[PDB]
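Engineer: One structure, as structure tokens, below. Some questions next.
Residue numbers (this note's numbering), protein chains in the order written: chain P, 9 to 412; chain Y, 465 to 521; chain D, 4 to 138; chain C, 3 to 174.
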């Protein structure tokens with residue numbers, strides 16, 4: 009009886025404005041809203057559907073006790089249809105239950121261990137919620153987890169190659185957990201694709217978030233940060249001065265094995281590195297970052313070989329496999345060939361005398377390709393300054409910044 | 465970093481090394497530009513996150 | 004105002020010097036002389052009207068050969084290097100101050116960059132006009 | 003050049019599925035295309051993604067993964083032996099020849115770039131046949147050769163607008 013009256017109220021209220029009262033009723037609940045609604049939802053919204061469908065789905069997913077009978081899959085399909093027929097800017101007026109619905113859907117998918125069906129949902133869910141493509145929403149950390157638990161990295165690339173510029177307030181909620189999870193899962197995704205120059209940046213952004221207490225997610229963002237910095241660079245980069253003081257007082261003593269690993273990877277000695285890896289294998293295997301330390305061990309040899317090029321112009325292979333400790337001229341030859349194939353080094357192998365000759369003549373700065381690169385850097389800097397000016401102009405006109 | 469030279473073990477000869485000033489100038493300028501862009505984007509993200517009162521309570 | 008006719012004629016640039024002086028009592032480089040504390044220097048600038056600008060541009064218009072054969076930035080290399088050195092000193096002073104001058108440094112850098120790009124643009128235009136005809 | 007369209011078409015075919023798992027032929031074609039484009043990480047993660055049941059259902063995926071493992075270790079001679087060891091269906095048939103041609107070109111480029119003089123045996127193993135490609139190398143591209151030691155010596159092989167935009171940006 010009352011359900012029909014509420015449905016008619018939402019039907020007559022919508023499509024004629026009066027948005028404030030509308031969102032006022034959506035969150036008025038109604039003590040489970042007579043959960044047997046179900047079927048009439050189909051006639052509640054057609055074509056452009058309506059906004060009450062979001063509330064119906066949210067209250068259906070909010071019980072968290074075997075939500076929608078063993079036929080839940082069918083409802084899943086309906087949700088997909090919703091994602092393809094939501095449309096409009098009106099959903100932006102209710103950016104509080106949409107995020108909760110997406111989180112509940114992802115949690116349900118995870119607990120059934122099928123994190124591939126919902127990948128496509130959280131692309132149109134994100135695309136139809138953010139004001140612009142440079143806005144961080146709470147669903148980014150959710151897609152970055154869905155595409156990471158199940159091995160599928162490419163779909164998340166378009167949302168990780170952009171630079172976040174503003175964060176949606178979502179009219180409440182949005183704790184720091186989502187921000188940290190997004191900037192940690194993006195870092196892991198970038199590490200998986202062997203793109204370290206941006207994985208380091210992602211981990212650095214994750215670490216320097218303001219905090220007052222020790223969190224479970226910052227530990228496994230400094231632990232991996234050390235390894236990524238040891239792989240990409242020859243040392244653990246110093247954190248910037250504006251880092252939160254919690255990491256420098258409590259986080260560091262908690263995980264000291266990686267600091268010792270860096271200390272060993274401060275003086276060139278592969279034997280000590282392998283010995284410390286063997287000794288502290290339980291710590292490195294309890295945190296599940298197995299494989300990222302073998303990369304450091306392998307990169308030590310490449311670093312030593314690269315350092316060899318700053319002193320020598322032509323080195324015998326037998327003599328070369330005595331300072332890097334590769335134990336064999338053939339292994340040194342294959343390592344040098346692999347390094348050349350990746351462009352890390354500039355060398356040539358002469359098999360007549362078994363000698364490696366270093367050229368170190370990358371490029372003279374007269375090729376028009378370098379002019380194109382300089383033009384690209386020009387465009388990026390100009391765009392950055394334009395965004396800076398646009399951001400500043402809003403501040404200059406702010407009603408708060410005229411009183412002082 | 466006291467002697468700018470390179471050792472050739474095939475003939476056992478120490479050659480002098482001449483630095484190309486233009487190339488190192490261009491490389492240093494490009495590296496500085498990339499570093500500045502990275503720092504600018506980092507601080508802008510910081511300003512985005514320090515305005516919404518994100519402090520990990 | 005003090006000018007040097009002989010050096011202006013020989014070098015090719017004017018020697019205009021505008022000077023005001025500190026009055027007696029206020030006490031707070033061999034080229035300037037021996038009374039460098041008593042007198043100081045000032046910057047010089049020029050202006051011309053709209054009619055004067057039009058007349059000067061139309062009179063200087065009978066210089067086309069030198070106009071499109073000057074190939075600047077190859078004659079003022081010393082001036083540009085000195086400008087960049089002064090830019091570095093001003094940037095260092097502004098950085099020390101931050102620990103305004105930054106606006107002045109930005110304006111000077113903008114002026115030098117504008118001059119350099121103007122020279123490059125004239126060179127590009129000359130190359131397009133002369134070297135791209137008859138294959 | 004036509005393979006890129008097939009690549010992204012297979013990509014959006016993979017992205018959504020009625021039950022999250024697609025047919026064996028499309029999985030195999032996508033894995034083979036990943037192997038062809040010399041992108042090893044995505045192929046390895048795709049292999050990790052495949053459920054064990056469908057993975058063991060078809061042996062074609064096993065051969066594709068064997069080829070991928072051979073190419074991951076950068077062991078050039080074994081790639082040619084393991085690519086033709088088994089039989090390939092028509093759906094994956096035009097992938098093997100393109101992959102072999104790409105591998106041959108990559109080996110040629112690597113030999114020409116990273117080597118100044120290489121034993122003819124190793125170069126011939128890299129390219130594929132130690133009979134007639136040596137004479138082809140010396141004659142066609144003029145590579146120097148010497149007998150006895152069997153030594154080859156390969157050798158390595160719209161404007162004003164931007165300026166006015168820069169000036170306008172600087173002046174403002």
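All C-beta atoms, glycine included, are put in the ideal place defined by N, C-alpha and C.
Does DSSP classify residue 153 (chain C) as helix, strand or coil?
Structural biologist: Strand, per DSSP.
Engineer: If you draw a straight line from the alpha carbon of residue 152 (chain C) to that of residue 128 (chain C), how long is it in whole angstroms?
Structural biologist: Rounded to the nearest angstrom, the two C-alpha atoms are 15 Å apart.
Engineer: Could you please tell me which residues of the stretch 50–84 of chain C, in chain order, have their CB closer than 9 Å to any CB of chain A?
Structural biologist: No chain A is part of this structure, whose protein chains are labelled P, Y, D and C.
Engineer: If the cut-off is 7 Å on Cβ atoms, which residues from the stretch 363–386 of chain P count as contacting chain C, listed in chain order?
Structural biologist: Cβ contacts with chain C come from 383 and 386.
Engineer: Would residue 68 (chain P) and residue 76 (chain P) qualify as a contact pair, given that the criterion is a beta-carbon distance under 7 Å?
Structural biologist: For residue 68 (chain P) and residue 76 (chain P), yes; Cβs fall inside 7 Å.
Engineer: Short of 6 Å in beta carbon distance, which residues of its chain neighbour residue 182 (chain P), apart from the five on each side in sequence? Order them along the chain.
Structural biologist: Here the set comprises 146.
Engineer: Under 8 Å Cβ to Cβ from residue 19 (chain P), same chain only, skipping five residues before and after it: list those, please.
Structural biologist: Excluding positions up to five away in sequence, the list reads 52 and 58.
Engineer: Rounded to the nearest angstrom, what separates residue 329 (chain P) and residue 315 (chain P) at their Cα positions?
Structural biologist: Taking the straight line joining both Cα atoms gives about 14 Å.
Engineer: Per DSSP, what kind of secondary structure is residue 518 (chain Y) in: helix, strand or coil?
Structural biologist: Looking at residue 518 (chain Y) - three-state DSSP - the assignment turns out to be coil, as it is neither helix nor strand.
Engineer: I need the DSSP call for residue 5 (chain D), collapsed to helix, strand or coil.
Structural biologist: Residue state, collapsed to three classes: strand.
Engineer: Have a look at the DSSP bridge pairing and note the partners of residue 355 (chain P).
Structural biologist: P:366, per the DSSP bridge assignment.
Engineer: Closer than 8 Å between beta carbons: that is the criterion. Which residues of the stretch 104–122 of chain C meet it against chain P?
Structural biologist: Result list: 112, 115, 116, 117, 118, 119, 120 and 121.
Engineer: Between the C-alpha atoms of residue 6 (chain D) and residue 24 (chain D), what's the straight-line distance to the nearest angstrom?
Structural biologist: Their Cα atoms are separated by approximately 17 Å.
Engineer: Measuring only between beta-carbons, confirm whether residue 120 (chain D) sits less than 7 Å from chain C.
Structural biologist: Yes - at least one Cβ of chain C is within 7 Å of the one on residue 120 (chain D).
Engineer: Does chain C have any CB closer than 7 Å to the CB of residue 348 (chain P)?
Structural biologist: It does; some Cβ of chain C falls within 7 Å.
Engineer: What residues from chain C crowd round residue 149 (chain P), counting only those whose CB sits closer than 9 Å?
Structural biologist: None at all; the shortest Cβ gap to chain C is about 21 Å.
Engineer: Please state whether DSSP places residue 146 (chain C) in a helix, a strand or coil.
Structural biologist: Strand, per DSSP.
Engineer: Going residue by residue through the stretch 190–274 of chain P, where are the continuous alpha helix (DSSP H) segments of at least 4 residues, counting only ones entirely within it?
Structural biologist: 204–215, 224–240 and 265–272, all fully within the stretch 190–274 of chain P.
Engineer: Have a look at residue 225 (chain P) and residue 186 (chain P) and give me their C-alpha separation to the nearest angstrom.
Structural biologist: In a straight line, the C-alpha of residue 225 (chain P) is about 11 Å away from that of residue 186 (chain P).
Engineer: Which residues mark the beginning and the end of the alpha helix (DSSP H) in which residue 472 (chain Y) is found?
Structural biologist: Where residue 472 (chain Y) is concerned, there is no enclosing alpha helix (DSSP H), although the beta strand (DSSP E) it sits in stretches over 469–472.
Engineer: Considering only the alpha carbon of each residue, which of P:27, P:47, P:85 and P:228 lies closest to residue 291 (chain P)?
Structural biologist: Closest option to residue 291 (chain P), Cα to Cα, is P:228.
Engineer: Going along the stretch 21–39 of chain C in order, which residues come within less than 9 Å of chain P, judged by CB to CB distance?
Structural biologist: Those would be 21, 22 and 23, in chain order.
Engineer: Go to residue 120 (chain C), then tell me how far its beta strand (DSSP E) extends in each direction, as first and last residue.
Structural biologist: Element bounds for residue 120 (chain C): 117–121.
Engineer: Find the residues of chain P that neighbour residue 164 (chain C), judging by a C-beta separation of less than 7 Å, and give them in chain order.
Structural biologist: Near residue 164 (chain C) (Cβ distances below 7 Å), the residues of chain P are 383.
Engineer: Might you give, ordered along the chain, the residues of its own chain that have their beta carbon closer than 8 Å to the beta carbon of residue 481 (chain Y), omitting 5 neighbours on each side?
Structural biologist: Answer for residue 481 (chain Y): 468, 469 and 470, listed in chain order.
Engineer: Mind listing the chain Y neighbours of residue 107 (chain P)? Cutoff is C-beta to C-beta under 7 Å, in chain order.
Structural biologist: Simply none; closest approach about 15 Å.
Engineer: For a minimum of 4 consecutive residues, which ranges assigned as the alpha helix (DSSP H) are wholly contained in the stretch 58–100 of chain P?
Structural biologist: As far as the stretch 58–100 of chain P is concerned, its whole alpha helix (DSSP H) runs of at least 4 residues are 60–69 and 80–93.
Engineer: Tell me the DSSP bridge mates of residue 408 (chain P)?
Structural biologist: Answer is none; residue 408 (chain P) lacks a bridge partner.
Engineer: Do we get a CB-CB distance below 7 Å when we pair residue 109 (chain D) with the residues of chain C?
Structural biologist: Answer no: the Cβ-Cβ gap between residue 109 (chain D) and chain C never drops below 7 Å.
Engineer: Can you tell which of P:31, P:232, P:70 and P:215 has the C-alpha that lies nearest to the C-alpha of residue 204 (chain P)?
Structural biologist: Residue 204 (chain P) has its Cα closest to that of P:232, out of P:31, P:232, P:70 and P:215.
Engineer: To the nearest angstrom, how far is it from the Cα of residue 154 (chain C) to the Cα of residue 319 (chain P)?
Structural biologist: Answer to the nearest angstrom: the Cα atoms are 29 Å apart.
Engineer: Can you tell me where the beta strand (DSSP E) with residue 324 (chain P) in it begins and where it stops?
Structural biologist: Counting along the chain, the beta strand (DSSP E) containing residue 324 (chain P) begins and ends at 320–324.
Engineer: Please list, in chain order, all residues of the same chain as residue 190 (chain P) whose beta carbon is under 6 Å from its beta carbon, the five residues on each side excluded.
Structural biologist: Once the five neighbours on either side are set aside, the close Cβ partners of residue 190 (chain P) are 148, 149 and 152.
Engineer: Buried or exposed, going by whether 16 or more other CB atoms sit within 10 Å of the CB of residue 20 (chain C)?
Structural biologist: The residue in question, residue 20 (chain C), is exposed, as its Cβ has fewer than 16 Cβ neighbours within 10 Å.
Engineer: Kindly list the residues whose CB is nearer than 7 Å to the CB of residue 2 (chain D), restricted to its own chain and excluding five residues on each side of it in sequence; keep chain order.
Structural biologist: Residue coverage of chain D in this structure runs from 4 to 138, which leaves residue 2 (chain D) outside it and unanswerable.
Engineer: Using a Cβ-Cβ cut-off of 7 Å, state whether residue 113 (chain D) counts as contacting chain C.
Structural biologist: Chain C, which has a Cβ nearer than 7 Å to the Cβ of residue 113 (chain D), makes this yes.
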